[PDB]
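Throughout, residue positions are numbered sequentially from 1 according to the sequence presented.
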Amino acid sequence: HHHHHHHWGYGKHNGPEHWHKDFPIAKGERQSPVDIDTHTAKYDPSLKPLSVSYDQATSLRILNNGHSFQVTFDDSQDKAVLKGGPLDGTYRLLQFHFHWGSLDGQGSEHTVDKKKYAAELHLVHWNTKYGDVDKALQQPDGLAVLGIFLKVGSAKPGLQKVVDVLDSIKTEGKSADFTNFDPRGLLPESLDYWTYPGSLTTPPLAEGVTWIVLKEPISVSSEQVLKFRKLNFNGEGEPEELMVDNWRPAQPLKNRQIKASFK
Ligand SMILES: NS(=O)(=O)c1cc(C(=O)O)c(Cl)cc1Cl
Ligand code: NI
Ligand SMILES: [Zn+2]
């Protein structure tokens with residue numbers, strides 16, 4: 001009988017279309033992202049507003065991991081947490097990262113009534129009742145991701161401290177100290193959201209994520225998102241391959257219901 005055990009990426013040869021070969025959970029019923037069909041999405045008056053408590057958030061480092069860039073946080077205490085919305089309990093912010101396109105007309109992972117945004121911001125949190133992120137990763141209610149759409153318009157002031165250091169992490173494996181960054185400067189004004197049970201959108205595509213996708217996009221300038229597109233998927237000394245189109249497309253919703261926090 002069959003038995004199951006090159007690196008994944010976003011290229012023709014190793015992109016989303018192929019991930020199912022090493023990560024067969026891609027074939028399952030809880031995969032992210034999804035298209036949010038607003039007609040289908042049922043307003044659920046029993047969802048609470050999302051309580052974002054980032055008042056003490058302690059950023060640590062910023063790094064290029066070869067598939068995105070991310071800002072890490074001290075998650076040893078409840079410095080930056082999510083609760084309420086659809087969540088039971090407290091989730092601690094570990095990291096945020098982005099996905100974006102080669103052009104403004106694509107780049108988001110989630111879509112809304114089939115519309116793609118220019119980019120999507122993901123704030124990754126883990127359920128404190130499991131003690132750390134490695135234990136949480138193993139559970140169905142282990143993680144919560146707050147997803148935020150980016151459109152191109154006016155500059156996002158809170159994003160500028162990030163953009164101003166991207167030249168220091170151009171290539172894979174580069175990182176830098178990145179202290180005193182306030183993630184509140186990346187939120188939109190309204191915290192109205194859609195929620196559904198899903199997965200990581202990157203391998204290993206584990207099905208343990210409560211997704212919270214905000215209705216309202218933030219706007220960033222063309223100049224800012226152009227700075228994203230100057231990152232490299234490659235290492236220093238390797239041929240240049242610009243880090244663009246690092247998004248997985250919408251996956252089948254199957255039997256899941258997406259709920260809205262708003263009428
Ligand atoms: N795209 S995602 O589903 O938010 C996600 C991405 C990553 C990643 O760094 O590749 C991680 Cl560790 C966790 C999550 Cl939850
Ligand atoms: Ni066997
Ligand atoms: Zn992500």
Side-chain angles (χ1 to χ4, degrees), residues 1-37 63-70 94-103 105-112 114 116-126 133-134 136-150 171-173 196-213 228-229 231-235 238-239 241-256 258:
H1 61 243
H2 186 57
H3 106 109
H4 172 74
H5 293 289
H6 62 84
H7 199 57
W8 66 276
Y10 293 91
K12 181 88 80 57
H13 88 284
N14 60 356
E17 188 204 342
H18 296 303
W19 293 351
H20 69 84
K21 292 189 282 206
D22 291 314
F23 306 96
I25 202 60
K27 303 169 170 198
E29 319 311 308
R30 268 196 54 161
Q31 286 291 290
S32 296
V34 297
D35 174 70
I36 305 174
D37 181 72
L63 62 102
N64 181 333
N65 60 25
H67 66 265
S68 185
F69 68 93
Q70 75 178 70
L94 176 72
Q95 61 107 317
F96 76 68
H97 60 272
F98 298 80
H99 309 265
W100 63 91
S102 45
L103 292 170
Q106 64 200 40
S108 76
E109 296 209 305
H110 293 90
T111 59
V112 178
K114 280 296 215 293
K116 298 173 185 182
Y117 285 99
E120 180 174 336
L121 161 62
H122 286 166
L123 295 110
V124 177
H125 310 74
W126 57 264
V133 70
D134 302 319
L137 245 162
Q138 318 264 247
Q139 309 296 331
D141 58 344
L143 300 176
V145 184
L146 179 58
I148 301 174
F149 296 117
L150 282 65
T171 54
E172 172 183 83
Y196 73 94
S199 79
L200 307 197
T201 70
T202 54
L205 306 177
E207 286 183 341
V209 180
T210 304
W211 274 99
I212 303 161
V213 179
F228 286 15
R229 298 185 189 130
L231 295 168
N232 285 8
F233 283 131
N234 57 277
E238 301 182 333
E241 187 186 7
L242 292 181
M243 173 178 294
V244 296
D245 292 321
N246 58 350
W247 51 280
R248 187 190 196 192
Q251 303 292 309
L253 181 66
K254 303 283 196 176
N255 292 319
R256 302 172 283 175
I258 307 178

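- Residue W19 holds its CH2 atom at 6.0 Å from CZ of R248, rounded to the nearest 0.5 Å.
- The two atoms that bring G101 and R229 nearest to each other are O-NE, 2.9 Å, heavy atoms only.
- Residue pairs meeting the side chain to side chain donor-acceptor pair (under 3.5 Å) criterion with at least one member in residues 6-16, sequence neighbours excluded, do not occur.
- For the pair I25 and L205, the tightest heavy-atom approach, listed with the atom from each and the gap, is CG2-O, 3.4 Å.
- With a 4.5 Å cut-off on side-chain heavy atoms, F149 and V213 count as touching.
- Judged purely by distance below 3.5 Å, without hydrogens or angles, the side chains of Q70 and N65 pair a donor atom with an acceptor atom.
- Residues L94 and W126 come closest through the heavy atom pair CB-CD1, 4.0 Å.
- What you find for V209 and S199 is that their closest heavy atoms are CG2-C, 3.5 Å.
- Note: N232 CG to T171 OG1 = 6.5 Å, rounded to the nearest 0.5 Å.
- When all heavy atoms of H99 and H122 are compared, the pair lying nearest together is NE2-ND1, 3.1 Å.
- Legend: residues meeting side-chain contact (heavy atoms from CB on, under 4.5 Å) with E172, ordered by chain and number and at least two apart, are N64.
- With respect to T202, the side-chain contact (heavy atoms from CB on, under 4.5 Å) criterion is satisfied by exactly one of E109, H67, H97: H67.
- Aromatic ring centroids of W247 and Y117 lie 6.0 Å or more apart.
- For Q139, the CD atom counts as densely surrounded, since its 6.0 Å shell holds more than 12 non-hydrogen atoms of other residues, nucleotides or ligands.
- No side-chain heavy atom of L231 sits under 4.5 Å from any side-chain heavy atom of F98.
- For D245 and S102, the side-chain atoms include at least one donor-acceptor pair closer than 3.5 Å.
- Among all heavy-atom pairs drawn from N234 and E241, the shortest one is OD1-N, 2.7 Å.
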